[PDB]
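Engineer: I'm passing along coords-v9.txt; it holds compact mmCIF, N, CA and C atoms.
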# COMPACT_ATOMS: atom_id res chain seq x y z
N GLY H 613 94.67 94.89 -113.41
CA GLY H 613 96.10 95.05 -113.77
C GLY H 613 96.32 96.14 -114.80
N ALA H 614 95.95 97.37 -114.44
CA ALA H 614 96.11 98.51 -115.33
C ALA H 614 95.42 98.27 -116.67
N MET H 615 94.09 98.34 -116.67
CA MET H 615 93.30 98.13 -117.88
C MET H 615 93.59 96.76 -118.50
N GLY H 616 92.79 95.77 -118.12
CA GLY H 616 92.98 94.43 -118.65
C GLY H 616 92.03 93.42 -118.03
N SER H 617 91.58 93.69 -116.81
CA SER H 617 90.66 92.79 -116.11
C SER H 617 89.21 93.16 -116.39
N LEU H 618 88.63 94.00 -115.54
CA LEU H 618 87.25 94.43 -115.70
C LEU H 618 87.16 95.68 -116.56
N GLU H 619 88.11 96.59 -116.36
CA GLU H 619 88.15 97.83 -117.12
C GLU H 619 88.02 97.58 -118.61
N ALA H 620 88.72 96.55 -119.09
CA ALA H 620 88.68 96.20 -120.50
C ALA H 620 87.25 95.90 -120.94
N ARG H 621 86.56 95.10 -120.14
CA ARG H 621 85.18 94.72 -120.44
C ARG H 621 84.29 95.96 -120.44
N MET H 622 84.43 96.75 -119.39
CA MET H 622 83.65 97.97 -119.24
C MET H 622 84.04 98.98 -120.32
N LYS H 623 85.13 98.69 -121.01
CA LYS H 623 85.64 99.54 -122.07
C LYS H 623 85.06 99.09 -123.40
N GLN H 624 84.97 97.77 -123.56
CA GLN H 624 84.39 97.20 -124.76
C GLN H 624 82.92 97.57 -124.82
N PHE H 625 82.37 97.91 -123.66
CA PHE H 625 80.99 98.30 -123.56
C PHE H 625 80.83 99.76 -123.93
N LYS H 626 81.60 100.62 -123.26
CA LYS H 626 81.57 102.05 -123.54
C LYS H 626 81.79 102.29 -125.03
N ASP H 627 82.73 101.54 -125.60
CA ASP H 627 83.04 101.65 -127.02
C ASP H 627 81.81 101.29 -127.85
N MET H 628 81.22 100.14 -127.55
CA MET H 628 80.03 99.68 -128.26
C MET H 628 78.97 100.77 -128.26
N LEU H 629 78.85 101.48 -127.15
CA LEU H 629 77.89 102.56 -127.02
C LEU H 629 78.18 103.63 -128.07
N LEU H 630 79.46 103.89 -128.29
CA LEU H 630 79.89 104.88 -129.27
C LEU H 630 79.92 104.28 -130.67
N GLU H 631 79.68 102.97 -130.75
CA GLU H 631 79.68 102.27 -132.03
C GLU H 631 78.34 102.39 -132.74
N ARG H 632 77.26 102.02 -132.05
CA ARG H 632 75.93 102.09 -132.63
C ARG H 632 75.23 103.37 -132.20
N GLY H 633 75.83 104.06 -131.24
CA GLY H 633 75.25 105.29 -130.75
C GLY H 633 74.07 105.04 -129.84
N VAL H 634 74.36 104.81 -128.57
CA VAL H 634 73.33 104.59 -127.57
C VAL H 634 72.75 105.93 -127.17
N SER H 635 72.15 106.59 -128.17
CA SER H 635 71.53 107.89 -128.03
C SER H 635 71.57 108.40 -126.59
N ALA H 636 72.41 109.40 -126.37
CA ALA H 636 72.59 109.98 -125.05
C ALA H 636 71.33 110.71 -124.58
N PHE H 637 70.22 110.51 -125.29
CA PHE H 637 68.95 111.13 -124.94
C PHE H 637 67.78 110.31 -125.49
N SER H 638 67.76 109.02 -125.15
CA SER H 638 66.69 108.12 -125.59
C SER H 638 66.43 107.04 -124.55
N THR H 639 65.56 106.08 -124.87
CA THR H 639 65.23 105.01 -123.94
C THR H 639 66.19 103.84 -124.08
N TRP H 640 66.71 103.41 -122.94
CA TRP H 640 67.66 102.30 -122.87
C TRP H 640 67.23 101.10 -123.70
N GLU H 641 65.93 100.96 -123.95
CA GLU H 641 65.42 99.83 -124.73
C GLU H 641 65.68 100.03 -126.21
N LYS H 642 65.40 101.22 -126.71
CA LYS H 642 65.68 101.51 -128.11
C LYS H 642 67.17 101.31 -128.31
N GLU H 643 67.91 101.74 -127.31
CA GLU H 643 69.35 101.61 -127.32
C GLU H 643 69.73 100.15 -127.20
N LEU H 644 68.82 99.34 -126.65
CA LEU H 644 69.07 97.92 -126.53
C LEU H 644 69.27 97.34 -127.90
N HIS H 645 68.19 97.20 -128.66
CA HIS H 645 68.29 96.62 -129.99
C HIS H 645 69.53 97.14 -130.71
N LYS H 646 69.79 98.44 -130.55
CA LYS H 646 70.95 99.07 -131.20
C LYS H 646 72.24 98.29 -130.92
N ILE H 647 72.45 97.92 -129.66
CA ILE H 647 73.66 97.19 -129.25
C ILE H 647 73.43 95.68 -129.09
N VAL H 648 72.36 95.31 -128.37
CA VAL H 648 72.02 93.91 -128.12
C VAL H 648 72.21 93.04 -129.35
N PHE H 649 72.09 93.63 -130.55
CA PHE H 649 72.33 92.86 -131.77
C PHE H 649 73.71 92.19 -131.70
N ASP H 650 74.45 92.56 -130.65
CA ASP H 650 75.78 92.05 -130.38
C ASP H 650 75.78 91.31 -129.04
N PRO H 651 76.65 90.30 -128.86
CA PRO H 651 76.73 89.54 -127.62
C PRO H 651 77.56 90.24 -126.55
N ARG H 652 78.25 91.30 -126.94
CA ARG H 652 79.06 92.05 -125.99
C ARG H 652 78.16 92.95 -125.15
N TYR H 653 76.87 92.98 -125.50
CA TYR H 653 75.90 93.76 -124.75
C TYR H 653 75.65 93.09 -123.41
N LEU H 654 75.99 91.81 -123.35
CA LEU H 654 75.81 91.02 -122.15
C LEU H 654 77.11 90.89 -121.36
N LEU H 655 77.95 91.92 -121.44
CA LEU H 655 79.23 91.92 -120.74
C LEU H 655 79.07 92.28 -119.26
N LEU H 656 78.89 93.57 -118.98
CA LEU H 656 78.74 94.03 -117.60
C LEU H 656 77.39 93.64 -117.03
N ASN H 657 77.35 93.47 -115.71
CA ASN H 657 76.12 93.12 -115.02
C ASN H 657 75.24 94.36 -114.88
N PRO H 658 73.96 94.20 -114.53
CA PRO H 658 73.02 95.32 -114.37
C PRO H 658 73.54 96.42 -113.44
N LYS H 659 74.70 96.19 -112.85
CA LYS H 659 75.31 97.16 -111.95
C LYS H 659 76.33 97.99 -112.73
N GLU H 660 77.35 97.31 -113.24
CA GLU H 660 78.39 97.97 -114.01
C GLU H 660 77.82 98.51 -115.32
N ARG H 661 76.73 97.89 -115.78
CA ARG H 661 76.09 98.31 -117.02
C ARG H 661 75.26 99.57 -116.79
N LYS H 662 74.71 99.68 -115.58
CA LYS H 662 73.89 100.84 -115.22
C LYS H 662 74.74 102.10 -115.21
N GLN H 663 75.95 101.99 -114.66
CA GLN H 663 76.86 103.13 -114.60
C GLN H 663 77.33 103.52 -115.99
N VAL H 664 77.70 102.53 -116.80
CA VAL H 664 78.18 102.78 -118.16
C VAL H 664 77.16 103.57 -118.98
N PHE H 665 75.87 103.33 -118.73
CA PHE H 665 74.81 104.02 -119.47
C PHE H 665 74.64 105.46 -118.99
N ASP H 666 74.40 105.64 -117.69
CA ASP H 666 74.19 106.97 -117.12
C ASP H 666 75.43 107.83 -117.29
N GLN H 667 76.59 107.20 -117.24
CA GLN H 667 77.86 107.89 -117.36
C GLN H 667 78.14 108.28 -118.80
N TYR H 668 77.68 107.45 -119.74
CA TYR H 668 77.88 107.72 -121.15
C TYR H 668 76.95 108.82 -121.61
N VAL H 669 75.67 108.66 -121.31
CA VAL H 669 74.67 109.64 -121.69
C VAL H 669 74.94 110.99 -121.06
N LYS H 670 75.56 110.99 -119.88
CA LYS H 670 75.86 112.22 -119.18
C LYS H 670 76.96 113.02 -119.88
N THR H 671 78.13 112.41 -120.02
CA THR H 671 79.26 113.08 -120.66
C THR H 671 79.02 113.33 -122.15
N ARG H 672 78.59 112.29 -122.86
CA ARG H 672 78.34 112.40 -124.29
C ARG H 672 77.35 113.52 -124.60
N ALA H 673 76.22 113.53 -123.91
CA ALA H 673 75.20 114.55 -124.14
C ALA H 673 75.76 115.95 -123.96
N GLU H 674 76.34 116.21 -122.79
CA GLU H 674 76.91 117.52 -122.49
C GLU H 674 77.76 118.05 -123.64
N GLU H 675 78.51 117.16 -124.28
CA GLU H 675 79.37 117.56 -125.39
C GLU H 675 78.58 117.77 -126.68
N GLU H 676 77.94 116.72 -127.17
CA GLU H 676 77.17 116.79 -128.41
C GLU H 676 76.05 117.83 -128.33
N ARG H 677 75.78 118.33 -127.13
CA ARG H 677 74.74 119.33 -126.93
C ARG H 677 75.30 120.74 -127.08
N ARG H 678 76.35 121.03 -126.32
CA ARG H 678 76.99 122.34 -126.36
C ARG H 678 77.47 122.69 -127.76
N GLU H 679 77.75 121.66 -128.56
CA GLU H 679 78.21 121.85 -129.92
C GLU H 679 77.08 122.34 -130.82
N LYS H 680 76.13 121.46 -131.11
CA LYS H 680 74.99 121.79 -131.95
C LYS H 680 73.86 120.79 -131.76
N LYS H 681 73.76 120.24 -130.55
CA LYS H 681 72.72 119.26 -130.23
C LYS H 681 72.85 118.02 -131.12
N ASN H 682 73.96 117.93 -131.84
CA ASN H 682 74.22 116.80 -132.73
C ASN H 682 73.16 116.71 -133.82
N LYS H 683 72.02 116.09 -133.49
CA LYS H 683 70.93 115.94 -134.44
C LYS H 683 70.44 117.29 -134.93
So, in terms of structure tokens, how does the structure I just supplied come out?

Structural biologist:
Amino acid sequence: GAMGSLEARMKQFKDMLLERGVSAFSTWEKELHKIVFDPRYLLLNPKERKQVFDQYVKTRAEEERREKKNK
């Protein structure tokens, strides 16, 4: 219903990624502890969660890279 059903959940996830910084260039496991410390890490299933990761690391990296590699 225009951002409110699943999108919201998948949004609370994307946000969390930008909260602890799911390093757009690291291992999903290191990134685990980073977020898993929260129960919202268990929101999307291994399907919707898989996209949120590859999609986040893809767009985020391209940006933080072209700028100054961030780190």

Engineer: Residues near residue H:629, anyone? I mean within 8 Å using only N, CA and C atoms, not counting same-chain ones fewer than 6 positions away, as a list in words.

Structural biologist: residues 623, 635, 647 and 668 of chain H

Engineer: Let me make sure I understand: among H:648, H:656, H:638, H:683, which one has the smallest atom-to-atom distance to residue H:670 if we use only C-alpha atoms?

Structural biologist: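 For residue H:670, the nearest of the candidates is H:638.
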
Engineer: Using DSSP on the backbone coordinates, identify the residues of stretch 615-678 of chain H assigned to helix (DSSP H, G or I); present them as a PyMOL selection string.

Structural biologist: chain H and resi 618-632+642-648+651-654+660-678

Engineer: H:657, H:667, H:639, H:682: which is nearest residue H:621, counting only C-alpha atoms?

Structural biologist: H:657

Engineer: Could you tell me how far atom N of residue H:645 sits from atom C of residue H:680, in Å to one decimal place?

Structural biologist: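 Atom C of residue H:680 sits 24.5 Å away from atom N of residue H:645.
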
Engineer: How many Å lie between atom C of residue H:640 and atom N of residue H:679, rounded to one decimal?

Structural biologist: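 Calculated distance between atom C of residue H:640 and atom N of residue H:679 is 23.6 Å.
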